[PDB]
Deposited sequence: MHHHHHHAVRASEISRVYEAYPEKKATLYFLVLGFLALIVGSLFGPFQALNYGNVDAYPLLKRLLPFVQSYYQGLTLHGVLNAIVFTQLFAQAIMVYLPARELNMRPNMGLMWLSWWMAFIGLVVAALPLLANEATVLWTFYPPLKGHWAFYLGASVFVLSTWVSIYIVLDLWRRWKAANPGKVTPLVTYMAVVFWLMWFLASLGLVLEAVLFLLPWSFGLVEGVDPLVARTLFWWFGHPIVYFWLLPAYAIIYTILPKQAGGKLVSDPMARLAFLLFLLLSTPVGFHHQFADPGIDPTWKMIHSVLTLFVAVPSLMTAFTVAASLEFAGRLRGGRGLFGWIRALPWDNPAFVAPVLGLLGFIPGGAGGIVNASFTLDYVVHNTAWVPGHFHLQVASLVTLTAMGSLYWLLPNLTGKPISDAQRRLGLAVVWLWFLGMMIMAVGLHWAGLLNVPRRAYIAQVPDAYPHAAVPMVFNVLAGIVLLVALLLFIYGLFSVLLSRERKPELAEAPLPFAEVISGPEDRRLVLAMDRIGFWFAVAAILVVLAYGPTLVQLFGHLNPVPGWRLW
């Protein structure tokens, strides 16, 4: 199996990216604890010129690079293994190399303080062409994954007319199709503006158009992060817990719904933008509340599976099933722990989405509090835990009891530290503390924040230990069994649902983008770092 080697390469590069980005984590957390440790960081890593270059690296490496690499590993290999078929190897290595080349190329300007824009890179803040070109080639790698998976699907569908798509593959097909749609937003932003602008071709870019296109791509990216964790949670975790998936139909419906609802929702990042018609912001508001539905459904489907495992293993009572679960298996613990923090995380989400309620929290410490529960915790934790089944399956190499225990330690410390940090930022944001801000540098600005600040420091240390330990550590697939055919058949009419998904985007962005393209106002770029 050459697909294992390709997959391992994707995972390894993703974890390197995780460690490097995460290095800035502790320092940032202390910063939100009003403690300034950047002199110490600058001594260690002398190329770092500022908190903000640090913030760029953190965000790009952790939230773009690791998460993407993790998706391309999981959401190619897993379907390939379900089908028992080979991926096109030439393409698979092509994908890897684009990822790897685009990464190197963006890394240059990034390391050289030439692109300190954040992971969002909002014009007129003007970065080095190599950042945009490198980031572009980075993301486009996925277009190759999309193809590969569609290829596998079709080849199997040929061998097997009149059979429903198997589950994992179904998941990945709706996932990758969803991503093709979402990705266009960025492709459009890079090609029509970012690249031309950064190479010196046009003299300005219109900030409102760039944000609109950005956020077409910017929301479904988070679902693109989550869904790989989900696939595992649904089709692997249940075996890990000693149970079984409780509904294959319900899982398909979850995923189907993400395909329909992941992209047409972007204005929920733009409730505070001028020049978007408020009626549109309401529309995207409802559509966003809609997109919470598949998660609400996932909360139930999954809990039911865990309870089921718990009763099988002989836990009785209302809480008995909980203590019967295998709390000794890090591959089970990590995703469940992340599920728990996903409760208040999604709660914050539903808050952010409600149009006016976003004015309370927009651009405060609240947002980072919300999303560290989402991606930094549930996704990352799920990734960390797969190591304990995914490595052996890929490498031949077995996990010792020692390595097992050190894994339990890391996941717990990472979870707890994340939960503590989430209390700090949510609370700090309720007190009006801004996000993306070297606040420790204005020590007397936010005195009312003294308490949540203690949480932030604590978390920095807890998360530093966990990172340190994770580093020190880093140096058949357990697919679960399942416990209404017609619904299943409806959900298998993929081109149809794909079509619908596309219409929903045209409908949600068309009127506003046409309006904006008719009235462009490009403005000169700036480097204020």
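Problem set entry | Deposited-sequence stretches lacking C-alpha coordinates, listed in sequence order | Unmodelled stretches: 1 to 20, 496 to 510, 519 to 522.
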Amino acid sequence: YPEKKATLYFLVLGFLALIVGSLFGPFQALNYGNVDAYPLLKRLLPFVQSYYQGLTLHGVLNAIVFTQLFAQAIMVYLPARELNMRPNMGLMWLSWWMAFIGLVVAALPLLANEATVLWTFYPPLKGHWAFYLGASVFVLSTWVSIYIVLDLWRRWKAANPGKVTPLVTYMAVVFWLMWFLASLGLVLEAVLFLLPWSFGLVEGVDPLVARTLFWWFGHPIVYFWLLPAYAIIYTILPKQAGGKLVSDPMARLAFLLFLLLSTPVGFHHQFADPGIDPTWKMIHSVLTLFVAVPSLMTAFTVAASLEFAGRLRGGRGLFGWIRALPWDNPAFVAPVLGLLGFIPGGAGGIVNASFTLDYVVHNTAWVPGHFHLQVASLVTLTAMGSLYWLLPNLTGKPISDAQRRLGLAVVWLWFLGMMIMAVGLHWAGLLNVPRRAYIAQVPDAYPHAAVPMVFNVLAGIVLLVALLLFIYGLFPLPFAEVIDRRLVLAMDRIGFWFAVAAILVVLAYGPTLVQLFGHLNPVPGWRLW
From here on, numbers count along this sequence of modelled residues.
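Problem set entry | 285 to 293 set against 304 to 312, stretch whose average Cα temperature factor tops the other in the entry | Result of the comparison: 304 to 312.
Exercise. Going by the B-factors listed in the PDB entry, is the mean over the C-alpha atoms higher for 209 to 217 or for 394 to 402?
Worked result: Per the PDB entry, the higher value belongs to 394 to 402.
Exercise. Per the PDB entry, which option out of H426, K157, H268, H362 has the greatest Cα B factor?
Worked result: The listed residue with the largest C-alpha B-factor is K157.
Problem set entry | Highest recorded Cα temperature factor - choice among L387, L226, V174, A376 | If I rank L387, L226, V174, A376 by C-alpha B-factor, first place goes to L387.
For this session: Just say lowest, middle or highest third for the CA B-factor of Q515 relative to the other modelled residues in its chain.
Result: Highest third - that is where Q515 ends up once the chain's C-alpha B-factors are sorted.
For this session: Taking the chain's C-alpha temperature factors as the reference, tell me which third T380 falls into: lowest, middle or highest.
Result: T380: CA B-factor falls in the lowest third of its chain.
Problem set entry | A107 - which third its CA temperature factor falls in, relative to the rest of the chain | Within its chain, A107 is a highest-third residue by C-alpha B-factor, going by the deposited values.
Exercise. Of the three thirds of its chain by CA temperature factor, lowest, middle or highest, which one includes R436?
Worked result: According to the entry, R436 has a C-alpha B-factor in the chain's lowest third.
For this session: Determine, from the deposited record, the chain-internal third of the Cα B-factor for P124: lowest, middle or highest.
Result: It belongs to the lowest third of the chain when residues are ordered by C-alpha B-factor.
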